[PDB]
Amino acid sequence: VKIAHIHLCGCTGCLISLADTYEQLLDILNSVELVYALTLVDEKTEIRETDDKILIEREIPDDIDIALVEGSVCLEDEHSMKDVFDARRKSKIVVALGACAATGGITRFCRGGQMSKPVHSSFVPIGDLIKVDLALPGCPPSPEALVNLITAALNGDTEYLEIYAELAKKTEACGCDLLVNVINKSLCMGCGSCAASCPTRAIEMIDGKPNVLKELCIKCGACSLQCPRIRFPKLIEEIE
């Protein structure tokens, strides 16, 4: 299986989370063929020499099996737009890796004006422009979640992946998802697992109910992914 890491308007933290499989990363990289990742390999190098110029380019290779796409798309940057469409064209399976790619995340707050590209102001999750096959939320998703997603993809564990295939259809996330879909619907039982899932500590349990500190929410989607009163597929009931 040929895999690639495509980095759009991200921070590389989702790749570092993959690197935080530590020694196990070598096992992972031996179960797949990493064919593209600007941070890690010198692929795919194409040289175009003319009389006046040598152009040494690194291109996305064709025939990728799984593309791990991190970061959002900058609508005002031509290269950002070209790369997201090229990733889709060249890959059979596109994963929106992390909140930036899956739902915008922190880049939802971008609004332009900063040097040296003040025109850069509009950032969108990749699924606003291309078909996404699987989406991993979080900022970043844990190493464990990534291991599970890769293992399931290699073993054809479609049942395990269904929750992430379903997430790929939704390009917005927010702490108020817990209110709209759980608390307001007479489903919240006060386990507090959403609070423990949140990377910014934006959720506080008060009197058995989640209180979202909205100005701290970075729209990562980890809490609604966790809440067992939203998704609780039967496969979770199979224990050792």
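Numbers follow the displayed sequence, beginning with 1.
- The question of which stretch, 225-233 or 21-29, has the higher mean Cα B factor is settled in favour of 21-29.
- The stretch 163-171 shows the higher mean C-alpha B-factor when 163-171 is compared against 95-103 in the entry.
- In the deposited entry, the Cα temperature factor of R108 places it in the lowest third of its chain's modelled residues.
- Ranked by Cα temperature factor within the chain, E144 sits in the lowest third according to the deposited record.
- Among the modelled residues of the chain, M115 sits in the middle third by CA temperature factor in this PDB entry.
- Annotation for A195: CA B-factor lies in the lowest third of the chain's modelled residues.
- Split the chain's modelled residues into thirds by C-alpha temperature factor. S72 is in the lowest one.
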